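**Q** This is the structure, below, for whatever I ask next.
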Amino acid sequence: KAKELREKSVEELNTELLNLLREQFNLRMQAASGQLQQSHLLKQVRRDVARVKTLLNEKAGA
Amino acid sequence: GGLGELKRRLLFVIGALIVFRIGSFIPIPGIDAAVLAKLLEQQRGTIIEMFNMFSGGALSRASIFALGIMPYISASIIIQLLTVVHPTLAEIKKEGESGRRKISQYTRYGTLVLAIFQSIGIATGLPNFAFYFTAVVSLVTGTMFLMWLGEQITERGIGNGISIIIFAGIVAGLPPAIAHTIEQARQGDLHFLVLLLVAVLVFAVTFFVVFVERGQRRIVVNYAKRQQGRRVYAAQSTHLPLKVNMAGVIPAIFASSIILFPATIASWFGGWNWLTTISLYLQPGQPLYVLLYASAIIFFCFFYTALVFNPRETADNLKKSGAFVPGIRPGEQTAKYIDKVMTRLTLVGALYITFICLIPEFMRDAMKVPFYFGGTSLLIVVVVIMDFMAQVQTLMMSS
Amino acid sequence: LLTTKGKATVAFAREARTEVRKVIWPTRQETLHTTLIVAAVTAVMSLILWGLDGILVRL
Amino acid sequence: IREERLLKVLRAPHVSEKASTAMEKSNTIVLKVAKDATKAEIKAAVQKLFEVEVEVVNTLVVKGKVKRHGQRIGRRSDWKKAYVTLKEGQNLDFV
RNA sequence: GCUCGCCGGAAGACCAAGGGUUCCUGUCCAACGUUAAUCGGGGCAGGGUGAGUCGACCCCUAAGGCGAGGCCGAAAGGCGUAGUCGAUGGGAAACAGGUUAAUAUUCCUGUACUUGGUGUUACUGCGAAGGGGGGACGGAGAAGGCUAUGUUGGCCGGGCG
Ligand SMILES: [Mg+2]
Ligand SMILES: [Mg+2]
Ligand SMILES: [Mg+2]
Ligand SMILES: [Mg+2]
Ligand SMILES: [Mg+2]
Ligand SMILES: [Mg+2]
Ligand SMILES: [Mg+2]
Ligand SMILES: [Mg+2]
Ligand SMILES: [Mg+2]
Ligand SMILES: [Mg+2]
Ligand SMILES: [Mg+2]
Ligand SMILES: [Mg+2]
Ligand SMILES: [Mg+2]
Ligand SMILES: [Mg+2]
Ligand SMILES: [Mg+2]
Ligand SMILES: [Mg+2]
Ligand SMILES: [Mg+2]
Ligand SMILES: [Mg+2]
Ligand SMILES: [Mg+2]
Ligand SMILES: [Mg+2]
């Protein structure tokens, strides 16, 4: 990713961040209940979020 | 199956249900063959076709076991009631091997005389004392042969004997009706849209059953074990895989025997207007029948599953092996927990089962198309596939 | 007695939903697994019954 | 309160005998929530995400035990347990 | 479990402190326990601490500390003003009953109270870092009125050994 995200506007990016955070919440919610078989997803979302943030900053920084 | 051990069990079962299908063609009096072959074309009462599924085509054509092994199950429940209310049988039932098998021999000996009584009921009310006598004789000879034949499949054959008797009895009644449908399929007499809608619905309903079986309800259990040999270092998470229905094989057949019992007692007379009141009540075109039927299915599934597991034995086992359900007290509280939870599951199971039973009839009342697809036989067949594929995998883990 | 049976069935329906929340949602891969497994077993039993009763009814 | 903050507040639903007893008897759920979450934030989060109406929120902070993995002595992390009481008409969703 | 013996202004019930999981359940018996241990304040694993009214925080100060500028001192620093901290003291409000293996004035049942914010309605001169009252204070003694509490009697359940 991260090229695809750089082609998105700032508003779209915020919406994206919200979506990602909701996936994160749901995911760790399933994981705590022992209902999540694929753990790797966590690290995937948690990182994706970072990416988004690093973009937001760089767009407001330049 | 490539192992001769299970292969000879299966070739015993195949042969057993082959002499089931050999005895399914033998006329009730000495030779009534053509006369009966005329009377089994149902000059009255089409629903009797259901009565030919469990008997292997006895009410379809001229046999020695007319209801099949359905009398036995009607005994298997009766004693099971008498075991509860009467303490003297409740003592023999808890008595271990010879005590439980003496109750099973009293169930077999109540069974054979129940086949005598139902042959009395038919050959008194419906068909007609020489015919009555040959009826009772051929019917008890057949029910005895089949009872023996189904206690032989439990031992030297595959799985449960009675289960496979009824299952293959309905399984072996199908091919002519679909042979006619696929003969009319190169013509187009009955339109392919409705028949392929039902062809996709049988398959998608079976698929939903087995998808609800795919994703389980798993109770996460934990083991903390480090062996004193200084070698094994173990923190282990093991799921206890609870299924929506616990061996849903037998309570299906049981519930079917309890459907067909008032249909045997009430409908063979017809000179009794109360009997015919309840046997017309119990015809599956009515919501009333489905109410009484629902209560039957839920009671027999709950009772039977509650019989099978002993949540105290399971919990004590879990405690013995050094396992715990995290957050719940080992011993009695694990019992109460797994028991309440298993209840909450099996209730949902018997519910979706009563729905797979009820829905096809409202679908057949709304639609133009009017027994194998009525919801009882669909379900029992889904259960043949499930049962055989669970028993194949259990011994595929072994092999 | 009927209102307590009502409230009891409402509690058992709360239990129902509680066990619905642990129910696994749609998956197409396990869908095709189930689909092809049961299609195969049904085809086997059907080929047995046909190989037998086709030649039996024919005779 | 911003919806970004809410989402990070609820860690996990808690299972136990006492939790069970609570849920059945008092119509109360027990959550493991952020160490810095407040009764306000928790109320907000549960009313937002699970779409249920909350009556009141009680909280406590559990101190971590001291455990040994292969002779190494660690000290587990403190965490905030929140008892949440739903209004009586409300029904319990798990998502 | 039944007898026997000991403490009972303590060898009892409950707080502050100091400790910090020793609490509760399961399981284990190498080490630890001045012996044995199937037991433990020991090993291992899971639980458990719910507050508008209890305490701290907070508002207010005592001793005393720190201290803008300031004075003083080779340097470090010392003292101290305005100030600002400091309880062992002053300052709003909750009780009885039920409940857990383990919390409860915290949960629940019932019946209350306090202080703020906002709105309605009626009435109305409001306003401080300033002024005045209060808060606000010792020792001993006495005896008048009481309750906590206990004893007898009445009542109620049970007992004729
Ligand atoms: Mg409260
Ligand atoms: Mg608190
Ligand atoms: Mg840490
Ligand atoms: Mg003394
Ligand atoms: Mg310790
Ligand atoms: Mg202890
Ligand atoms: Mg020893
Ligand atoms: Mg020793
Ligand atoms: Mg210990
Ligand atoms: Mg106070
Ligand atoms: Mg001072
Ligand atoms: Mg200075
Ligand atoms: Mg100074
Ligand atoms: Mg001060
Ligand atoms: Mg003080
Ligand atoms: Mg005070
Ligand atoms: Mg205590
Ligand atoms: Mg003054
Ligand atoms: Mg004085
Ligand atoms: Mg008094």
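Ligands are numbered from 1 in the order shown, residues from 1 within each chain, and chains are lettered A, B, ... in the order they appear in the structure tokens.
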Within 10 Å of chain A, which residues belong to chain B? Use only C-alpha atoms and report them as a ChimeraX atom specification.
**A** /B:217-220,239
**Q** Take the residues from that selection and put them in a file with C-alpha atoms, as a tab-separated table (two decimals), in the first residue's frame.
**A**
chain	number	residue	atom	x	y	z
B	217	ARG	CA	-19.22	-23.25	19.55
B	218	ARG	CA	-15.85	-23.88	21.19
B	219	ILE	CA	-15.22	-23.46	24.90
B	220	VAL	CA	-11.58	-22.45	25.33
B	239	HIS	CA	-11.02	-25.88	22.39
**Q** Please, which residues have at least one atom within 12 Å of an atom of ligand 16, using only C-alpha atoms (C1' of nucleotides) and all ligand atoms, listed as a ChimeraX atom specification?
**A** /E:54-60,87-92
**Q** Check every protein, DNA and RNA residue against ligand 11, keep those with an atom at most 12 Å away (counting only C-alpha atoms (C1' of nucleotides) and all ligand atoms), and present them as a PyMOL selection string.
**A** chain E and resi 61-67+80-86
**Q** Do you know which residues are within 10 Å of ligand 18 using only C-alpha atoms (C1' of nucleotides) and all ligand atoms? Can you write them as a PyMOL selection string?
**A** chain E and resi 131-135
**Q** Pull out every residue of chain E sitting within 8 Å of chain D, counting only C-alpha atoms (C1' of nucleotides), and send them as a VMD selection string.
**A** chain E and resid 21 47 49 to 50 108
**Q** With N, CA, C and O atoms (P, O5', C5', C4', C3', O3' and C1' of nucleotides) kept, could you save the residues just selected as a PDB file, in the first residue's frame?
**A**
ATOM      1  P     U E  21       3.471  -9.562  47.151  1.00  0.00           P
ATOM      2  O5'   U E  21       2.265 -10.592  47.061  1.00  0.00           O
ATOM      3  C5'   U E  21       1.751 -11.198  48.239  1.00  0.00           C
ATOM      4  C4'   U E  21       0.389 -11.795  48.008  1.00  0.00           C
ATOM      5  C3'   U E  21       0.155 -12.371  46.611  1.00  0.00           C
ATOM      6  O3'   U E  21      -0.681 -13.529  46.689  1.00  0.00           O
ATOM      7  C1'   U E  21      -1.429 -10.686  47.052  1.00  0.00           C
ATOM      8  P     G E  47      -8.574 -15.633  35.294  1.00  0.00           P
ATOM      9  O5'   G E  47      -9.036 -15.393  36.798  1.00  0.00           O
ATOM     10  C5'   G E  47     -10.179 -14.612  37.105  1.00  0.00           C
ATOM     11  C4'   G E  47     -10.871 -15.131  38.339  1.00  0.00           C
ATOM     12  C3'   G E  47     -11.313 -14.074  39.337  1.00  0.00           C
ATOM     13  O3'   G E  47     -12.560 -13.489  39.002  1.00  0.00           O
ATOM     14  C1'   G E  47     -10.145 -15.782  40.477  1.00  0.00           C
ATOM     15  P     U E  49     -13.583  -7.754  42.473  1.00  0.00           P
ATOM     16  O5'   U E  49     -12.916  -7.114  43.766  1.00  0.00           O
ATOM     17  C5'   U E  49     -13.691  -6.883  44.934  1.00  0.00           C
ATOM     18  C4'   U E  49     -13.126  -5.753  45.750  1.00  0.00           C
ATOM     19  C3'   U E  49     -12.922  -4.441  44.996  1.00  0.00           C
ATOM     20  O3'   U E  49     -13.054  -3.351  45.905  1.00  0.00           O
ATOM     21  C1'   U E  49     -10.861  -5.189  45.819  1.00  0.00           C
ATOM     22  P     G E  50     -14.485  -2.706  46.244  1.00  0.00           P
ATOM     23  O5'   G E  50     -15.094  -2.320  44.826  1.00  0.00           O
ATOM     24  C5'   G E  50     -14.553  -1.240  44.078  1.00  0.00           C
ATOM     25  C4'   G E  50     -15.507  -0.763  43.015  1.00  0.00           C
ATOM     26  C3'   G E  50     -16.685   0.064  43.512  1.00  0.00           C
ATOM     27  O3'   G E  50     -17.055   0.995  42.497  1.00  0.00           O
ATOM     28  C1'   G E  50     -17.491  -1.851  42.432  1.00  0.00           C
ATOM     29  P     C E 108     -26.692  -1.582  42.222  1.00  0.00           P
ATOM     30  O5'   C E 108     -27.913  -2.452  42.767  1.00  0.00           O
ATOM     31  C5'   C E 108     -28.217  -3.715  42.184  1.00  0.00           C
ATOM     32  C4'   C E 108     -28.969  -4.613  43.140  1.00  0.00           C
ATOM     33  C3'   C E 108     -30.166  -3.992  43.837  1.00  0.00           C
ATOM     34  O3'   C E 108     -31.316  -3.995  43.014  1.00  0.00           O
ATOM     35  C1'   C E 108     -28.867  -5.211  45.401  1.00  0.00           C
TER      36        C E 108
END
**Q** Between E:97, E:40, E:150, E:117, which has the minimum distance to ligand 9 (counting only C-alpha atoms (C1' of nucleotides) and all ligand atoms)?
**A**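 Between E:97, E:40, E:150, E:117, the residue approaching ligand 9 most closely is E:40.
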**Q** Using only C-alpha atoms (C1' of nucleotides), I'd like every residue of chain E that has an atom within 8 Å of chain B; please write them out as a PyMOL selection string.
**A** chain E and resi 25-27+45-47
**Q** Store the residues picked out above in a file with N, CA, C and O atoms (P, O5', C5', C4', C3', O3' and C1' of nucleotides), as a PDB file, in the first residue's frame.
**A**
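selection.pdb, written as the output of this step:
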ATOM      1  P     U E  25     -11.131 -21.318  50.220  1.00  0.00           P
ATOM      2  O5'   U E  25     -11.192 -22.001  48.778  1.00  0.00           O
ATOM      3  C5'   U E  25     -12.434 -22.210  48.116  1.00  0.00           C
ATOM      4  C4'   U E  25     -12.245 -22.548  46.656  1.00  0.00           C
ATOM      5  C3'   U E  25     -11.410 -23.776  46.336  1.00  0.00           C
ATOM      6  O3'   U E  25     -12.130 -24.990  46.496  1.00  0.00           O
ATOM      7  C1'   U E  25     -10.785 -21.998  44.906  1.00  0.00           C
ATOM      8  P     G E  26     -11.369 -26.361  46.857  1.00  0.00           P
ATOM      9  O5'   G E  26     -10.465 -26.660  45.574  1.00  0.00           O
ATOM     10  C5'   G E  26     -11.077 -27.038  44.351  1.00  0.00           C
ATOM     11  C4'   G E  26     -10.115 -27.061  43.185  1.00  0.00           C
ATOM     12  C3'   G E  26      -8.922 -27.990  43.290  1.00  0.00           C
ATOM     13  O3'   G E  26      -9.256 -29.351  43.094  1.00  0.00           O
ATOM     14  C1'   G E  26      -8.225 -25.930  42.389  1.00  0.00           C
ATOM     15  P     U E  27      -8.642 -30.475  44.063  1.00  0.00           P
ATOM     16  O5'   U E  27      -7.164 -30.710  43.504  1.00  0.00           O
ATOM     17  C5'   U E  27      -6.919 -30.958  42.124  1.00  0.00           C
ATOM     18  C4'   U E  27      -5.533 -30.509  41.721  1.00  0.00           C
ATOM     19  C3'   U E  27      -4.381 -31.110  42.511  1.00  0.00           C
ATOM     20  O3'   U E  27      -4.010 -32.395  42.046  1.00  0.00           O
ATOM     21  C1'   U E  27      -4.069 -28.770  42.300  1.00  0.00           C
ATOM     22  P     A E  45       2.228 -20.017  37.420  1.00  0.00           P
ATOM     23  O5'   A E  45       0.716 -20.492  37.258  1.00  0.00           O
ATOM     24  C5'   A E  45       0.299 -21.175  36.087  1.00  0.00           C
ATOM     25  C4'   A E  45      -1.160 -21.540  36.143  1.00  0.00           C
ATOM     26  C3'   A E  45      -2.140 -20.390  36.326  1.00  0.00           C
ATOM     27  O3'   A E  45      -2.421 -19.681  35.129  1.00  0.00           O
ATOM     28  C1'   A E  45      -2.688 -22.124  37.821  1.00  0.00           C
ATOM     29  P     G E  46      -2.899 -18.145  35.198  1.00  0.00           P
ATOM     30  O5'   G E  46      -4.399 -18.227  35.740  1.00  0.00           O
ATOM     31  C5'   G E  46      -5.451 -18.706  34.912  1.00  0.00           C
ATOM     32  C4'   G E  46      -6.702 -19.015  35.700  1.00  0.00           C
ATOM     33  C3'   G E  46      -7.493 -17.826  36.215  1.00  0.00           C
ATOM     34  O3'   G E  46      -8.303 -17.216  35.228  1.00  0.00           O
ATOM     35  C1'   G E  46      -7.270 -19.422  37.940  1.00  0.00           C
ATOM     36  P     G E  47      -8.574 -15.633  35.294  1.00  0.00           P
ATOM     37  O5'   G E  47      -9.036 -15.393  36.798  1.00  0.00           O
ATOM     38  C5'   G E  47     -10.179 -14.612  37.105  1.00  0.00           C
ATOM     39  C4'   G E  47     -10.871 -15.131  38.339  1.00  0.00           C
ATOM     40  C3'   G E  47     -11.313 -14.074  39.337  1.00  0.00           C
ATOM     41  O3'   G E  47     -12.560 -13.489  39.002  1.00  0.00           O
ATOM     42  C1'   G E  47     -10.145 -15.782  40.477  1.00  0.00           C
TER      43        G E  47
END
**Q** May I ask you to extract the residues of chain A within 9 Å of chain D, using only C-alpha atoms, and to give them as a count of residues only?
**A** 13
**Q** Write out, as CSV, each residue of chain E that has an atom at most 8 Å from ligand 8, together with the closest pair of atoms and their distance in Å to one decimal, counting only C-alpha atoms (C1' of nucleotides) and all ligand atoms, rows going by chain and rising number.
**A**
residue,atom,partner,partner_atom_place_in_ligand_line,distance
E:33,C1',ligand 8,1 (Mg),6.6
E:35,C1',ligand 8,1 (Mg),7.3
E:36,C1',ligand 8,1 (Mg),6.8
E:37,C1',ligand 8,1 (Mg),7.2
**Q** Compute the chain C side of the contact with chain B at 6 Å, counting only C-alpha atoms, and hand it back as a short mmCIF file (atom, residue, chain, number, x, y, z; two decimals) with N, CA and C atoms, in the first residue's frame.
**A**
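Output below, filename iface_5.cif:
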data_model
loop_
_atom_site.label_atom_id
_atom_site.label_comp_id
_atom_site.auth_asym_id
_atom_site.auth_seq_id
_atom_site.Cartn_x
_atom_site.Cartn_y
_atom_site.Cartn_z
N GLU C 15 -30.98 -16.68 25.86
CA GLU C 15 -29.95 -17.72 25.76
C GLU C 15 -29.67 -18.08 24.30
N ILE C 24 -20.61 -18.52 13.86
CA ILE C 24 -19.71 -18.01 12.81
C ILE C 24 -20.49 -17.54 11.57
N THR C 35 -20.13 -27.95 0.61
CA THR C 35 -20.82 -28.15 -0.66
C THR C 35 -20.29 -29.39 -1.41
#
**Q** Within 12 Å of chain D, which residues belong to chain C? Use only C-alpha atoms and report them as a ChimeraX atom specification.
**A** /C:10-11,13-23
